[PDB]
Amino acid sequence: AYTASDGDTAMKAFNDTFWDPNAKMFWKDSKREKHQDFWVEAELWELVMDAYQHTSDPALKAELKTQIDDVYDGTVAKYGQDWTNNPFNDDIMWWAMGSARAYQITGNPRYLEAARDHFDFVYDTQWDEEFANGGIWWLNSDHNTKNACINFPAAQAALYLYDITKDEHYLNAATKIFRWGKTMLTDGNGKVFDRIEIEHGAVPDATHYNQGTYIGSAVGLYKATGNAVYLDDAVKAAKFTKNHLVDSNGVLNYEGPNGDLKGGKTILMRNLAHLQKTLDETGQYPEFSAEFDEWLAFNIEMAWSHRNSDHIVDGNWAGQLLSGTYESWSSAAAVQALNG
């Protein structure tokens, strides 16, 4: 006997609609014309891992574990083993973090090498003290801006590597990056800035995935150090997200039509789950935890109130009808929500 879940069904349907077993990568949409962008594919890779960890279905779990290796192979077959030719440091870091997680799951040495090689590249060559007294450049081709979308995922990646290697070097890296990030890329009250530019300075535009990655690194830092200040930081960013990045009913925003932002809730939900779990285990912030849990359940329920004949929904959690085409990045958030 086993207890089946909505997460199982959502994942199986997601794979049935978007997975290309030939190229071993996800389609960009239901038309099965183009394959998913490089960096987004790393996030779908983590979706597969999260469904793997979540499912109690032994058969689906074995299916997912195989898919984990396949996603890597498919991407490598198209883009090669070395992604350091990518001018986007964030693109590289998402895959470094994903590889670190794949190592935790499979134990395959190829994953540890990939995570270490690519993290070390970004951290050792793209961390700079000359501008903004720290921080990693967004690009390795041109040094104009330092972004939340590279810095906090880099902190997360360092934390995964610290968990794996137990090498204090990685905790030192994680701590250094986060402290700089909190000082230069937040308002200190939970709002994460998008970036800081050489010309204009800070750009205080908040997005779902940057709130998410900040929360994740903060939680990871809390678990690594035992410092409750980091958990406090995570809670404040979660409260900001809940207060600002939602409609007037409390439903998380749809961040389209921007292709990268469209599926931002995937990364947000993944990291919100980490916070949810940490609060559960520690019993800290009991009153926030209760309303946090309630707000999450509400959003997940709204996401699936979508009207469709398949077990696929879009990225507009406040709307019942599809406007356009079902796409893998935007549909992924609802799947991620059920596999926390």
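Quick note: we count residues from 1 along the sequence shown, nothing fancier.
| Taking only the CA atoms, which stretch has the higher mean B-factor in the record, 27 to 35 or 66 to 74? | The entry gives the higher C-alpha B-factor average to 27 to 35.
| message | Please compare 13 to 21 with 316 to 324 and name the stretch with the higher mean C-alpha B-factor in the deposited structure. | response | Of 316 to 324 and 13 to 21, the stretch with the higher C-alpha B-factor average is 316 to 324.
| query | Of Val219, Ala96, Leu161, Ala202, which one's C-alpha B factor is largest in the deposited record? | reply | The C-alpha B-factor peaks, among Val219, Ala96, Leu161, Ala202, at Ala202.
| If you check the C-alpha B-factor for each of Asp124, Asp91, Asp142, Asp194 in the entry, which is highest? | The record points to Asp142.
| request: Divide the modelled residues of the chain into thirds by Cα B-factor and specify which third, lowest, middle or highest, holds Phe119. | output: Middle third, going by the recorded CA B-factors of the chain.
| said: For the chain shown, is the CA B-factor of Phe292 in the lowest, middle or highest third of its modelled residues? | reply: Middle third.
| CA B-factor ranking of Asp82, expressed as a third of its chain | According to the entry, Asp82 has a C-alpha B-factor in the chain's highest third.
| query | Taking the entry's C-alpha B-factors for this chain, is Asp232 in the lowest, middle or highest third? | reply | Tercile = highest for this residue's CA B-factor.
| field | Where the record places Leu171 (Cα B-factor, split into thirds across the chain) | value | It falls in the middle third of the chain.
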